[PDB]
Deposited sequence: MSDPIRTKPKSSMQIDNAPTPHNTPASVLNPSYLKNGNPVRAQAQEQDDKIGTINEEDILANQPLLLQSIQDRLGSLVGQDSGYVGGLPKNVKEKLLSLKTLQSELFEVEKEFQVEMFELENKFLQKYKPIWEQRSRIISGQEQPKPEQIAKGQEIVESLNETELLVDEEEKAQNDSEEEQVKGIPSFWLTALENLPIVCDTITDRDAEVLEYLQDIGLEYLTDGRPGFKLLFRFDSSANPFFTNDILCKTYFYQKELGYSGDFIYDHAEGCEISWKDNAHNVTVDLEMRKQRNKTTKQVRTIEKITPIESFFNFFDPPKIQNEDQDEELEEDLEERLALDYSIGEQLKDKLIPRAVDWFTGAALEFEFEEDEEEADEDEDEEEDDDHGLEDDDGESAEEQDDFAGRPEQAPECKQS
């Protein structure tokens, strides 16, 4: 509240300011003991990040399974099919129930549909790029072990049928800073955008093509979802205004989005498709 810290921290920093040499000293050492804790808390975070990658491994198999179901590449074993009905009824998701258990292949626009129902990331998609997101085959995680910690998002596309770009995978990379938060956990530092190979300038969803004659073309940067693969410029000399406040919050959102896919979308993709996810959260 800018004030609840100008007045509060004020008297506080004052009270302490007035304490005896004697007492003051004790705190000085307490402040030292704090930095010791800190050194431990760093190791903690390390074994945690590891422990996490450990289970990412145990999930991958499952997520790949669904990747294939959605692809239409693998079919549902009746056994699974039933359990789902049982589960779905249990969760009162009746819209999913189907009669006497045993058209299209797999489940169309799963990722497009799921992302629509996802907060912040639905406002980045445009009809223009929603067409391109038709070809999004799966989205995956990967923690950066070798080197500075961070994670990565892997958008595997239908290379063999994708009209806009020949790429097989587009990823996103986030790097936390070595320094830990006061809170005690990793802090966002830098983000890298796994470039895109649009076959056509026209097919380039991130840009606008209006051709004139003097049939030369004029290109114009559009606001697209695929701009996610071109994070905001590496930290600039803060100081200034719109050269900061502006290109600074574009980043804040970019970090926020990546965290949504990493924490909600990927772990519960089915539900984000059904919209069930949205609710399951308020509950």
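- What the model leaves out of the deposited chain are the segments 1 to 69, 172 to 180, 293 to 301, 371 to 417.
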